[PDB]
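In what follows, a single structure is set out as structure tokens and then discussed.
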Ligand SMILES: *[C@@H]1O[C@H](CO)[C@@H](O[C@@H]2O[C@H](CO)[C@@H](O)[C@H](O)[C@H]2NC(C)=O)[C@H](O)[C@H]1NC(C)=O
Ligand SMILES: *[C@@H]1O[C@H](CO)[C@@H](O[C@@H]2O[C@H](CO)[C@@H](O)[C@H](O)[C@H]2NC(C)=O)[C@H](O)[C@H]1NC(C)=O
Ligand SMILES: *[C@@H]1O[C@H](CO)[C@@H](O)[C@H](O)[C@H]1NC(C)=O
Ligand SMILES: *[C@@H]1O[C@H](CO)[C@@H](O)[C@H](O)[C@H]1NC(C)=O
């Protein structure tokens, strides 16, 4: 919701997405 | 849940899939 320029006290990190790792697992392994 | 023939007042639209375009993203990745 929104962006980083409105909230007070936001910090920097990375949010893990389960779709991409799962994707690589399917095609290469075959 | 269910289908369109039981509810009263249902309208027609399209429901966006976050996975449908992302499966095409998988196609690209391949
Ligand atoms: C969180 O990270 C962003 C970068 O993703 C930081 O944004 C930078 O802010 C400085 C100061 O205004 C700019 O000089 C940089 O150009 C910005 N980066 C980019 C990529 O534009 C942000 O300051 C970070 N916030 C904290 C609290 O560390
Ligand atoms: C919502 O859309 C569906 C089609 O997806 C409509 O169903 C049609 O209904 C008429 C009237 O009974 C039929 O002649 C058509 O054959 C139906 N379409 C299909 C593809 O079978 C439905 O009427 C729409 N509802 C509203 C409220 O607009
Ligand atoms: C929290 O308080 C410190 C002072 O202890 C201040 O430097 C900092 O900017 C404050 N952060 C926020 C989000 O208010
Ligand atoms: C809502 O009311 C209108 C009359 O103003 C009627 O034509 C319509 O069929 C009604 N719809 C439902 C879902 O009851």
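We place every Cβ from the backbone using ideal geometry, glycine too, and count neighbours over all the protein chains shown. Please treat every number below as a calculation from the coordinates, not as lab data.
Observations, loosely collected:
- With both labels modelled 7 Å from their Cα along Cα-to-Cβ, the residue A:16 to residue B:17 distance reads 2.7 nm.
- Between chain A and the range B:4-30, the Cα center-to-center distance that results, in Å: 21 Å
- Of the residues A:22, A:29, the one with the fewest other Cβ atoms within 10 Å heads the list, and the complete ranking is A:29, A:22.
- Debye intensity ratio I(q)/I(0), log10, the protein assembly as shown, q values 0.13, 0.24, 0.25, 0.29 Å⁻¹ (C-alpha model): -0.73, -1.02, -1.07, -1.25
- Taking each DSSP H run with n ≥ 4 as -39500 (n - 2.57) and averaging over every residue of the protein assembly as shown yields -10500 deg cm²/dmol at 222 nm.
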